[PDB]
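1. So I've got this experimental structure, pasted below with the sequence.
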Amino acid sequence: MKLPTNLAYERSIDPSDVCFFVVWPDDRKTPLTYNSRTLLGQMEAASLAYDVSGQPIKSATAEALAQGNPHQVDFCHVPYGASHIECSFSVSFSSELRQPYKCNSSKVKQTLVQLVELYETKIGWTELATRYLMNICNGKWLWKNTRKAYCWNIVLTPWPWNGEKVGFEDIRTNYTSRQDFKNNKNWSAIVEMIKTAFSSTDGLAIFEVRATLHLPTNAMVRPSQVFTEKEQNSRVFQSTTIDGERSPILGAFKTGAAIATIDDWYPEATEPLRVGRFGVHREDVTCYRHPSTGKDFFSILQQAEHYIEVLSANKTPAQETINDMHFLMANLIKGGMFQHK
Amino acid sequence: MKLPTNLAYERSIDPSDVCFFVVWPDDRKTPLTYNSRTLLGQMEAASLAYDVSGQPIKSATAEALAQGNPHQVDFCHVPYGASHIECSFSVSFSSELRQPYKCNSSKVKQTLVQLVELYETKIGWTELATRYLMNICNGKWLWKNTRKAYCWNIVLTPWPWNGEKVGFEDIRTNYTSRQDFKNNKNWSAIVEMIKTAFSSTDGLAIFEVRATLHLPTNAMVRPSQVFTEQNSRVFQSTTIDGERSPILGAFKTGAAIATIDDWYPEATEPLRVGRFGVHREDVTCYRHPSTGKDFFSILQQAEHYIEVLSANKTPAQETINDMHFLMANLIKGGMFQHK
Amino acid sequence: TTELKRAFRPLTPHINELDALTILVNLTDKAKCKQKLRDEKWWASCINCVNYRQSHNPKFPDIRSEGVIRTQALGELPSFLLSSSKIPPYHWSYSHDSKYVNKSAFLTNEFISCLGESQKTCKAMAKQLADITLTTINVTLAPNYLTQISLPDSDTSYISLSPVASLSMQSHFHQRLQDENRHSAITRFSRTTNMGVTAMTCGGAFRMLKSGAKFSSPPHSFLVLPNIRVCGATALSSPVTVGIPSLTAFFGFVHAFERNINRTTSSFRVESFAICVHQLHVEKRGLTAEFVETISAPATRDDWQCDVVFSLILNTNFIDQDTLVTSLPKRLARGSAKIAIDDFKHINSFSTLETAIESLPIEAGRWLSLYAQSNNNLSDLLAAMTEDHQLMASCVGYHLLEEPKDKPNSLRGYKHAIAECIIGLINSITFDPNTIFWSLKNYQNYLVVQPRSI
């Protein structure tokens, strides 16, 4: 199947900023604040004592290399008498998945709607909605703040819901595997919301998520930080205004990248990757699903007509060639321009 | 081995700021405060009496040189009727050593991972974890406040722990050598936390440290102070309740836990662990690149250290002190790039 | 020699005829005898450069886009609006090439006219005369990187628009804001030589217009939409100002809400709307673009983002809670727009203006009317800005360069035109009603979201 010169979808999952609050004993809440402070380190860079070729530079003597190097950073910590930290945001599940936002080929637009409706019937939205919801319900969207904590608790508040808010107490002890989420009293009632949202022509499914982090005394928090061009401050946090004060946030695009770490179907899969075209890893600067493999997202769009005859049969669809179906769907939930240029 | 264009680790030890409190008799606690006050000193500079060359400047007569030079400093002291001083912070030990945080080379990543596994299996985490923990358990992180004191007492509260808080009473008398720490009722149980933290893919080990300083009457306390590029001494501070209060910073505290490096080629005093290990008392670098024992010359011998640790022969002290310095800079972290 | 090079470049005011032309030949090299050399090949390279001289730069935010625009704004807008027609159109520059940014200096430096407008001289004039071709537009909407905007033209009809940054305006706001450090907001763009000659002058720093001081709030049939907390919006309302998002984006939020209800109730048809802003907070958050195909990230740009919290009141033509919630549009100028579940109670509909404004919570705010007083210049804008610091310039509408025609690819099958941003000043009312309620007016020459009184 050819790719059109206009094809782009909207995203189906819409997060927000993560705001940080400080809870004092006697239960009053204050927005978390931060300050900048200059520090003094040594003169370690390996560019300050060595040249490009590898030999030691002669200007960097032993006295000149023990001199002291000042740097300015933003520093955010938990106040002394505090009890814990609230962390609140909210997700929607829109189902802009069913139709393209933009298309100029009637043959390709019909091929989408056959793929979405045949994936929905034969395979169903149970597998993907389980994987997204196991990133909300643990502290995946709390990136580094989960690490080095006593315990953290997640409390959901869904909108098309009757009552009795959904709780997830003491992760790192209770909720380790897939089975521990399913043993919750109301887990299938929430998985079947995201299935209801994706499968309807107008599905909404608001969640209101709120965490409770019990840190050590006087401990660090790690918010997200800015990306700017260079013409002294080496670490600048992203922030909002809560009440009348500045406050560190953990951004909306940073939060959406944590819900979408699902992709463990690249050809040598160990760790799940963030869902995207030719799915990259930013830990080690490489590209799994490189287009030479043939398992990036544009080489599966050219097999999209072929995946209709597989789903329209009655034989069991042979797990290797439906891991490509999960990756095909997760990029249309993610959205994006799908042209060549 | 070559240095890649991306190589960076996270730190495996995460301290916090130290908060100072005043304990009164009847055992109520108030945060310590400070004030700025102007003083008046003499006019000593050697730039005011002599020129650059060495002859005396002639505009500085005996009347102009006895005139009075005002300054302004921050001044913190213990209140009068106080009992002692509490100092509390927290340390974590969180296994960032096992794999590099960011590394674009898959060959250099495999080599670094083998070293951390070969080192624990052949040498073990007993030597480093003892040296880090002995800087918590005495007053190393209380830098100059330990000096000129009556006694100081450390109380640990480890987190994956059952009960009976670990106490170290009357340092400068009871805890002087390595054997004095080993004779504590529970020292092996706390060393084996830091060993378990470094040896696991998710090792956590949180400590809650609290000290008790008995100073003389109305005595000085020495907090950490700011770097500014008027007040000549400006303290670092945090807000406790509604009071400004002196702290002893998070990076200052981590510099005291990592004074371990006494393997530099003429070692007398242990140094703060870093690349080309500096000694800022006498402003020089031991472990200069001309020595061949800085950290970037021990990285390029990492493939060599794998055949040494995977043999049955006892490794020599000279080339396992290079392995302690190799491991102590990965616990410290940092960017290890080039070019 | 740098002060001589900056003078012929378009971000400085203009400046013996035998001295000047010998400079312009030496600028094309990467002396008076280098000028006397006359390579035949050199002439046809400079002839291409006067072809790709441009009035308005399509490749401003994105350097991968491709187009040539040498037009003037069509028609003249009133005194309370501002666009490229009022400022004299002569600070035009060169684009499309990175190798020929030096070789364009002979025929495009425009010492006010431009040189681009024995045997070789006759031949050179013939190529220039035949290849001047005044007032051209060369865009292909199929495989490039443009923005596309549908606006409700007239009624039951739409026109696609593509905004393009105007080079005469960018020089005007850059030169005037050298003095004022309070009202300038520097944004840096990478790969400067690929952008154009007008970026190579400033080095990448473009010196936008920042709205005075920080936002503060004094305590100040109809449908009420309260508390639309938007997380990451564009503060870039224009290619010129950084602050609250363009009022066309607030109009798109309302009209997509109008268009979603017409699936169920097909007679809804919002007439006007009113905006009650709380809490701006404009910041320089970045934006990490994804990897593109040899796989890397594209060129980086300074990103200005804002966090608007506001209550929207709409004057309906004449509805269930489940219909009002699911028909809410989920974006306001690229930002996640949401209402809390505890604020779903306050989506009631009222019949009077007094009961609606007493109904909403978060009392301190502003009500956003337009400032209609004679801003024909940035010096006219900044005179209003220094009197009242919270006066908040933004983009108010679009100003066409050419009448809409049929293109082979336009966003959703409509007539396409190329427009430019119109900058207006935005007041605030303590709270009569026609000053507050905004609506989209359609004129042949331009499109502006005006209040109903103006």
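-> Done, it's in. Numbers count the residues shown, from 1 in each chain, chains lettered A, B, ... in the order given.
2. Look up how far residue A:89 lies from the most centrally placed residue in chain A.
-> Compute the mean C-alpha point of chain A, and by CA atoms, centre = their mean the closest residue is residue A:258, 1.6 Å away. For residue A:258, the distance to residue A:89 equals 11 Å [CB to CB, to the nearest Å]. C-beta here means a position set from N, CA and C on the backbone, and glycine is covered the same way.
3. got any residues that touch both of those two?
-> Common contact partners of residue A:258 and residue A:89 (CB atoms under 8 Å, 6 or more residues apart in numbering or on different chains): residue A:141.
4. if I look at residue C:115, how far off is chain B?
-> 46 Å (CB to the nearest CB, to the nearest Å).
5. hang on, isn't that residue packed against residue C:106?
-> Yes: if you go by CB atoms under 8 Å, residue C:115 and residue C:106 touch, sitting 7.3 Å apart.
6. which residue ranges form the helices in chain A?
-> In chain A, the helices defined using DSSP state H lie at A:106-122, A:126-136, A:178-182, A:188-199, A:252-259, A:298-301, A:306-311, A:320-334.
7. got the end-to-end distance for stretch C:167-183?
-> With CA to CA, to the nearest Å as the measure, the first residue of stretch C:167-183 is 20 Å from its last.
8. Just give me how far it sits from the chain centre.
-> 15 Å (CA atoms, centre = their mean, to the nearest Å).
9. for it, which positions count as buried?
-> By neighbour count with 16 or more other CB atoms under 10 Å in any protein chain shown, stretch C:167-183 contains the buried residues C:167-174, C:176-177, C:183.
10. Just to be sure, which of those are found in strands?
-> Using DSSP state E to define strands, no part of those is located there.
11. contacts with chain B among the residues you listed, please.
-> Near chain B, taking CB under 8 Å from any CB of the partner chain as the test, no member of the buried residues of stretch C:167-183 is found.
12. Now distance to residue A:242 too, for these, in CSV please.
-> As requested, these are arranged in CSV below (distance: CB to CB, whole Å):
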residue, distance to residue A:242
C:167, 41
C:168, 42
C:169, 36
C:170, 36
C:171, 40
C:172, 38
C:173, 33
C:174, 35
C:176, 36
C:177, 31
C:183, 27
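13. sorry, back to before: out of the helices of chain A, which comes closest to chain C?
-> Nearest to chain C among the helices of chain A is helix A:252-259 (4.3 Å), distances taken as CB to the nearest CB.
14. which stretch of helix or strand covers the residue nearest to residue C:124 when sequence neighbours are not counted?
-> Nearest residue to residue C:124, sequence neighbours excluded (CB to CB, 6 or more residues apart in numbering or on different chains): residue C:43, at 6.1 Å. Using DSSP states H and E, residue C:43 falls within helix C:40-51.
15. What are the contacting residues of whichever helix or strand comes after that helix?
-> Sequence order places strand C:53-54 as the next helix or strand after helix C:40-51, per DSSP H and E. For strand C:53-54, the external contacting residues (CB under 8 Å, 6+ apart) are C:68-70, C:92-96, C:104, C:108, C:116, C:167, C:196.
16. go again using 7 Å as the cut-off
-> C:68-70, C:92-95, C:108, C:116, C:167 (CB atoms under 7 Å, 6 or more residues apart in numbering or on different chains).
17. and that strand, which strands flank it?
-> strand C:93-94 (antiparallel) (DSSP bridges).
18. Can you tell me what sits against the strand it pairs with?
-> Under CB under 7 Å, 6+ apart, the answer for strand C:93-94 is C:10, C:49, C:52-54, C:101, C:104, C:108, C:167, C:196-198.
19. ok, the nearest residue to residue C:405 once chain neighbours are set aside - contacts?
-> Nearest non-adjacent residue to residue C:405, counting by CB to CB, 6+ apart: residue C:415, 6.2 Å away. Contacts for residue C:415 (CB under 7 Å, 6+ apart) come out as C:159-160, C:404-406.
20. Of those residues, just say which sits nearest to chain B.
-> Closest approach between the contacts of residue C:415 and chain B, by CB to the nearest CB: residue C:160, at 43.3 Å.
21. Just list the residues touching residue 284, thanks.
-> I went with chain A, as the question did not name one. Per CB under 7 Å, 6+ apart, neighbours of residue A:284: B:103-104, B:106, B:109.
22. The chain in question should be chain C.
-> A:226, A:228, C:302-304.
23. and it, how far is that from chain B?
-> Relative to chain B, and taking CB to the nearest CB, residue C:284 is found at 23 Å.
24. quick one, phi psi at that residue?
-> phi -90, psi 60 (degrees, to the nearest 10).
25. about what we covered before: ok, of the contacts of residue C:284, which come out buried?
-> For the contacts of residue C:284, buried by 16+ other CB under 10 Å: A:226, C:302-304.
26. Just flag the most distant two among those.
-> A:226 and C:304 (11.2 Å; CB to CB).
27. residues contacting the residue in chain C that chain A sits nearest to?
-> Going by CB to the nearest CB, chain A is nearest to residue C:286 of chain C, at 2.4 Å. By CB under 7 Å, 6+ apart, residue C:286 lies in contact with A:226-228, C:303.
28. Make a markdown table out of those and add distance to residue C:445.
-> Output for these, formatted as a markdown table (distance: CB to CB, whole Å):
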| residue | distance to residue C:445 |
| --- | --- |
| A:226 | 40 |
| A:227 | 39 |
| A:228 | 38 |
| C:303 | 32 |
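29. Out of those, which is nearest to chain B?
-> residue A:227 (16.4 Å).
30. follow-up on the earlier one: just give me the closest of the contacts of residue A:284 to chain A.
-> Nearest to chain A among the contacts of residue A:284, with distances taken as CB to the nearest CB, is residue B:104, at 4.2 Å.
31. Kindly provide the distance from that closest one to residue B:322.
-> According to CB to CB, residue B:104 and residue B:322 sit 26 Å apart.
32. now do residue C:312
-> Residue C:312 is 67 Å from residue B:322, by CB to CB.
33. Please give the number of neighbouring residues around residue A:182.
-> 11 (other CB atoms under 10 Å in any protein chain shown).
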